[PDB]
Amino acid sequence: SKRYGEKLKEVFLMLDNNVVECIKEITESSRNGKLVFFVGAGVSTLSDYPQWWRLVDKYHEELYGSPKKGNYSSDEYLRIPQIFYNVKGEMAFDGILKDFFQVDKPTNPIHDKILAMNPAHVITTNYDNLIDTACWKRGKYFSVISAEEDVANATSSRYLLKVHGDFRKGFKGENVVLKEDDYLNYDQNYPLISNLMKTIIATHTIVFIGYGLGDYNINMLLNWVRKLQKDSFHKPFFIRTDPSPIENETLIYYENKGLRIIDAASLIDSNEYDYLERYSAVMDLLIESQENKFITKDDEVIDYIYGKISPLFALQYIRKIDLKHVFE
Amino acid sequence: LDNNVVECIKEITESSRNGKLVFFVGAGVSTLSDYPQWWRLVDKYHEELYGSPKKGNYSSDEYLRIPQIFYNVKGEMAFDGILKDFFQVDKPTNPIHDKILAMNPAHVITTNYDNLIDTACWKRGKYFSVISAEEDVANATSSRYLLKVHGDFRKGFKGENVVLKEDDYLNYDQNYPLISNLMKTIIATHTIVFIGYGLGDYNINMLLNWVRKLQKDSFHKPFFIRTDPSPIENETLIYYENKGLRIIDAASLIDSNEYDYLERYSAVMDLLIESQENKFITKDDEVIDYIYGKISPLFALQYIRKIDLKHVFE
Amino acid sequence: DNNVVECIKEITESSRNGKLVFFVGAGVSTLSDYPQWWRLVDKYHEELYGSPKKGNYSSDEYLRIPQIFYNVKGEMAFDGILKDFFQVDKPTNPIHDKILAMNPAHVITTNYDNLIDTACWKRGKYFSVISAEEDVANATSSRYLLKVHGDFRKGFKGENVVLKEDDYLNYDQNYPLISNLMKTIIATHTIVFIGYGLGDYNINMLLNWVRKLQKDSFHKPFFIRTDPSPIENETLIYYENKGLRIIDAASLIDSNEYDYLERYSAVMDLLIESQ
Amino acid sequence: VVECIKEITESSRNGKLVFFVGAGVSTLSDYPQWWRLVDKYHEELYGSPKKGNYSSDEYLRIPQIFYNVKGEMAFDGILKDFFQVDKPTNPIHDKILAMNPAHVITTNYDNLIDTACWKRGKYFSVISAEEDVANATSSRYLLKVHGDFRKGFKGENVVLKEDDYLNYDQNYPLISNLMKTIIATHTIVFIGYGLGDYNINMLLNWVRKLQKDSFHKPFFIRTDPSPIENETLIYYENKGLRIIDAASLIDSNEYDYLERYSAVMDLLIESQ
């Protein structure tokens, strides 16, 4: 516990200036209520939610009776479920989805950290309800949007945007984007959801967590970002939690593509399978940056108190009970 | 009033109360302020390249083609000069602007490149984040937008800042991705009222074309305020209501002369405003429905303080 | 004029190798008194509102009014007005034979009539008439009579042809093979436009596809303008900068304001005589 | 399968046969595959080859990453060192032309088919750039949809990295239009391709856009070692491909690609 807090403080002190600026901007956006988290499958994996490769394996066994000798490519993850949907029945696809996904899993500490960042919205490609459960637990209500009809009637101003659907209505393959056909016809089947996601990205500060740099959704969003006018948008932040430090060439390539990458493997040393360690390292760096645990010296408390107090210079007098809300 | 008209007014006023009402303002409201119409600009351009005014009437394509031909032939500088001499004018804000603002719209989307809506908002003391360029979407200072989807002349009286010629409309999706996306998202998440449009406008039909691609009953039908002199035909109303529009016809509500556009706009705007306090309760069962709608959530609670009941009924 | 001289020379050149394609519009059909579309819109408008337009039809109303009639009156009524208006036997104007006298490699037409088909049959030159999607694969010949808006050979029904606003909006989805074939013919051939105005919807539709092409990667199509007024210099250079080589018949010869037949004839025979 | 051979011979005699040739035929001629180009780009990027197998995106991303961070000159220099070689034409290049195809559509950027046609004396219009479409001087085409190095060993003349595949319709509107038109008006035989190839999947995505029965179902020549899994067969038969398998026809070694390619092609010629 207290050992970790000292290590995090030491990590921040030797942090790179680029990563320091990234953390500062993310924290400032969180303070402004403009922070949105784009949560991927890795956060759900941290809660032991079944990964899609298990489903592809099950479909491969049902197709031919034997698990594949080798490793699936990116197309196989989409093609094999499509082949099962076509050659086999719809009902078999939906039943396999039901038996693999109708499970109860707890919310990992990364969900709690993301919610503690105070996200204005949460966009996710996960079809689970872990983010919904965490939001319900922590007292913040999010309008969960996983279907076209949910966009028009959204209760609150803040959304939990499931861009690939979920299993609220039922554990059916027509409620989620899994097959190769679903990804091809995504823009035609999810106009309002895609439009809402793009608007949220354009109008907020985005942090990507739970994704690989070569993720399909990440590169689709980068392709869309390439269509925007230069300097007309804010570069989204990418939390990279891969076991090995990012290559310099890959880093500069993806930052020129429009990403501000915070690579976990470059900040702390962890085991190859210690994914929760890396996720917690980045998220806790952000949180204790917001909790002012990294203020180490004078002329930094001066800047903080000035940023809190300087707007009050316009007022003639401030009540003492008002000052309590000034410093939260 | 017709029953469907009263229903439309009910939904519009309810959305205004909930803060989910958005006004999509067209060139009619700016014309009510005697702002220079686009056909005058097309007239000047035609007099410029061709040397004489057009003998007949400008078609829908011509309004965009003639400025395009002028821009290609005479260049950008002459186009901007004519734009400046025609559009660098000071016009007042008509009462329709104030009437639109008095409904407390969440956002105001406009195809007008003038500052009349901005002037009205500044006069009423309503603060809107004015978005007329691509860089304004990310740098928006508030969550309530004055979305000028065709730009304006705030940066300057140039054709690059606005959508006027046919090349601007051809490349609009490529040139305004963020603004078009924001407009579509505001449409998908709010109650939309169209005012200042002619039901044959390019923007109206483009929005209906986008609407036809949406999932059935996944969106709320926008409201259209029609202020043409003649009443709408039954067939046209049926066609446009099946296209996803809830049309409120000013000519059907009131009687006015052909050129009394201001009175037609004001009839609908005042009837919308004066119905904010209205509850549309006439018969006895409408009384029970309203009180039940107010009280039924309180059935979850065992007891309610009588001093709290004044808040239930506002 | 100097510029016109090569315009004929290039067309006559491409005609010799069987590399010429004629893009036929409604003006050629109007020359044989084929029912124009405005009187169909007038019938649709009259049935819709019980009264003539008493005004001027915009470009959108030409497509919107049949769409309004189709939606609110049905398809059986829409096809019935098509049936009694287009089930007529009309002759072929001399321009039909003059287009065929140049021996074009292909004939692309937006017309839904059989006026070109009868002219092809009378001359004996066999064309593979393509207007439906299933017709693209089963084309016996490599010479195409491409009716990009369909026809009424299957029947005088609205889904066989592109008339309403929905048909034009959903054209690419409903006719990908026809649209693909038209663009390939345009890209690899010399194209001459007859029967079209500079403001025609289709003409500016290929012009919008032309600007998407790489510069100097295509032959600029030839436009034969038969509008009674002479072309304006500003209009001419604007469309020439858009990828058009306009051969204006009003400038070539002097004529009345109502006699279209010889304005088409002035350019059509002059191309023939140079061959 | 017997019906499939009948249709190909029928189309060959009528003059409506078009061969869609892939990298497998070029690889059969010992032409440098793309994976070893990605190897050089990856080695020159990260200082060492990657241990795992390259994914479909990686085949397109590392060349894109190399182009962005090392420049076009370095990208073209590696292209010259790998592709400025001379390779013999495999006998299948002859068997492809022995059927007298009306057109030949290639994703290959080599001149092996160009050399193959020139050896047999048949004149094909080689179109690999935008300008070549309008300047073609014959009805029959040798359509190189991904360009070639005829203009020069430059990355701008070919479709190699992921930007080229992303902007393909924008930079090759005439080439892709001609490719689609030829497919519509001819019977297509795919050779040198895998069922999971990007180009095959792209065409199958365009095929599903067409209405039912309006197109001729293309023929697919599969030369993979393992026989086609039955369930995989109906999936791609419904997608629009009539697949012929050399693995199912004859017993073959896993690495013996020539005889699998030749078994089906000689069957087509002997049926002529």
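Residue numbers (the entry's author numbering), protein chains in the order written: chain B, 8 to 335; chain A, 22 to 335; chain D, 23 to 297; chain C, 26 to 297.
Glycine included, every Cβ here is placed at the ideal spot set by N, Cα and C.
Annotation for residue 34 of chain A: 296, 297 place their beta carbon closer than 6 Å to its own, counting only its chain and skipping 5 residues before and after. Using beta-carbon distances, residue 205 of chain A counts as an interface residue toward chain B, with a partner under 8 Å.
In summary, the residues of the region 232–255 of chain A whose CB is separated from some CB of chain B by less than 8 Å are 234, 235, 236, 238, 239, 240, 241, in the order they occur in the chain. Judged by DSSP secondary structure, residue 41 of chain D falls outside any beta strand (DSSP E); it is assigned neither H nor E. Secondary structure of residue 189 of chain A (DSSP, three-state): helix. For residue 212 of chain D, the beta-bridge partners assigned by DSSP are D:42. For residue 245 of chain A, the three-state secondary structure derived from DSSP is strand.
Linking residue 182 of chain B to residue 174 of chain B through their CA atoms gives a straight-line distance of about 7 Å.
Comparing alpha carbon positions, the residue from C:37, C:142, C:247 closest to residue 219 of chain C is C:247. For residue 128 of chain B, the enclosing beta strand (DSSP E) has its first and last residue at 128–131. Per DSSP, reduced to three states, the secondary structure at residue 217 of chain B is coil, with no helix or strand assignment.
Ranked by Cα distance from residue 172 of chain C, the first of C:132, C:70, C:211 is C:132. With fewer than 16 other Cβ atoms inside 10 Å of its own Cβ, residue 20 of chain B counts as exposed.
Of the candidates B:189, B:70, B:155, B:70 places its Cα closest to the Cα of residue 254 of chain C. Considering only beta carbons, no part of the region 166–181 of chain A lies closer than 8 Å to chain B.
By the CB criterion at 8 Å, residue 90 of chain D and residue 260 of chain A fall inside the cutoff. The C-beta of residue 71 of chain C comes closer than 8 Å to at least one C-beta of chain B.
Assigned with DSSP and collapsed to three states, residue 168 of chain B falls in strand. Counting along the chain, the unbroken alpha helix (DSSP H) around residue 310 of chain B starts and ends at 308–316. If the five residues before and after residue 74 of chain C are omitted, its C-beta is found closer than 7 Å to the C-beta atoms of 64, 67, 68, all from its own chain and listed in chain order. For residue 198 of chain C, the chain D residues whose Cβ falls inside 7 Å of its Cβ are 234, 235, in order along the chain. Annotation for residue 87 of chain A: the continuous alpha helix (DSSP H) segment containing it runs 83–95. For residue 268 of chain B, no Cβ of chain C is located within less than 8 Å of the residue's own Cβ. Contiguous alpha helix (DSSP H) elements confined to the region 127–161 of chain C occur at 137–145, 156–159, taking only those with 4 or more residues. Residue 175 of chain B sits in coil when the DSSP states are folded into three classes, being neither helix nor strand. Legend: CB atoms of the region 138–161 of chain A lying less than 7 Å from CB atoms of chain B belong to residues 155, 156, 158, 159, 161.
Excluding five sequence positions before and after residue 59 of chain B, the CB atoms of its chain that fall closer than 7 Å to its own CB belong to 84, given in chain order. The distance from the Cβ of residue 240 of chain C to that of residue 232 of chain C is about 7 Å, consistent with a contact at the 8 Å cut-off.
Note that the C-beta distance between residue 158 of chain A and residue 139 of chain A is not below 8 Å. Assigned with DSSP and collapsed to three states, residue 326 of chain B falls in coil, not helix or strand. In this structure, the beta-carbon distance from residue 275 of chain A to residue 288 of chain A falls below 8 Å. Contact annotation for residue 94 of chain C against chain B: 256, 259, 260 [CB-CB distance below 7 Å, chain order]. Around the CB of residue 62 of chain C, 16 or more other CB atoms lie within 10 Å, so the residue is classed as buried.
What residue 202 of chain D touches in chain C, judged by beta-carbon distance under 7 Å, is 202, 205, 206, 209, going in chain order. Excluding its 5 nearest sequence neighbours in each direction, residue 54 of chain A has C-beta neighbours in its own chain below 7 Å: 112, 113, 114, 115, 137, listed in chain order.
Annotated as distal: residue 215 of chain D and residue 40 of chain D, with beta-carbon spacing of 8 Å or more.
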